[PDB]
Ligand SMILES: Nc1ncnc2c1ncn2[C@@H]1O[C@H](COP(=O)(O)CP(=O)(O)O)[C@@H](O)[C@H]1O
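Listed next as structure tokens is one chain, alone, in the form deposited without the named molecule.
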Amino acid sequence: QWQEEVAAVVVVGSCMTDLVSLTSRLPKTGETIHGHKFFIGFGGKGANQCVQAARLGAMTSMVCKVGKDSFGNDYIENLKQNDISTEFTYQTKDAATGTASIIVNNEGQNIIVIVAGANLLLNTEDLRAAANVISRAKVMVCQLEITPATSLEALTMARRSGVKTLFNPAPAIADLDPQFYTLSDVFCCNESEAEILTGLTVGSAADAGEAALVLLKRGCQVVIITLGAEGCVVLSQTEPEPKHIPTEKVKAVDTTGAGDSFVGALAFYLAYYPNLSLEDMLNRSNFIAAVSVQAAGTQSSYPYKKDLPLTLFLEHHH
């Protein structure tokens, strides 16, 4: 008898509600101003990654914790509408759904206040129920928007079952636990996160190569430093010379969430196209992220398989 594929991509990480007010000018202390418009959106790195992987066709499972509040109820509905398993999406009355409140002016300058909230209450017991699902997956994906101890335990669970680990140390912290390096099959961050992690400055592809080598020697198997619109730089234990995977300048409409589109695409390729070279996967993941920058609205900008070139889902070199 036929049955559905089990989840090949498991994401253990965050959900946040984006609360966006547009204004003419940014307020300062003591001020009340009237803005033009307000936007709510579904964000959080974990969920964003998961939504991009799902839309490419991955079978995914989101392990996370939201509030027993309207925001959390709505986030669950969002995951379902994107065909994501919520078997291990947990709700707690002990905190509100995490929030990223943003005030932004017409130039796109902003003030942002994050309250991690229920994300920080995702614990070991919560993960242990997912041990079997994790053990049958192809890729585990973590960031640093939940308790770091909880991400460390999810990478540990994956690694003990032979499951590929994709770790996005974002947002980055200067004293990152060095177990994260050892436990990461693929360690992927952006320029400013690389600076935080290494103490070096990173303003070009060459700089990112130097920073990537520092991280590699701390115990990573593959290090990728993303360069926003400019592509990425990659090195590995097998090929420690840095390689810049460049891109063509596209006209950006809204880049919010593009980093997570890149990560979620890389997760999809790692799980479903394991015989592609890493270089080929990064090329394709760069292209997909670049699709997301041509439309507004973060998750709403993430492309579906059916709208993307057929060749992204076929062999190219073999």
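In case it trips you up, residue 1 is the first one in the sequence shown, and so on.
Omitted from view is the form solved in complex with the named molecule, to which the following refers.
For the named molecule, fitted onto this chain by superposing the C-alphas round its site in the bound PDB entry, the count of atoms within 2.4 Å of backbone or C-beta atoms is 3 or more, giving a blocked pocket. In summary, the region of this chain contacting the named molecule in the bound PDB entry, judged by heavy atoms within 4.5 Å and restricted to 76 to 84, 219 to 227, 89 to 97, 126 to 134, corresponds to 219 to 227. Looking at residue 268, you'd find every heavy atom of it more than 4.5 angstroms from the named molecule in the bound PDB entry.
The closest heavy atom approach of residue 198 to the named molecule in the bound PDB entry falls outside 4.5 Å. Among residues of the shown chain, residue 293 is one whose heavy atoms approach the named molecule to within 4.5 Å in the bound PDB entry. Among residues of the shown chain, residue 247 is one whose heavy atoms approach the named molecule to within 4.5 Å in the bound PDB entry. Looking at the named molecule in the bound PDB entry, residues 262, 286 and 289 each place a heavy atom within 4.5 Å of it.
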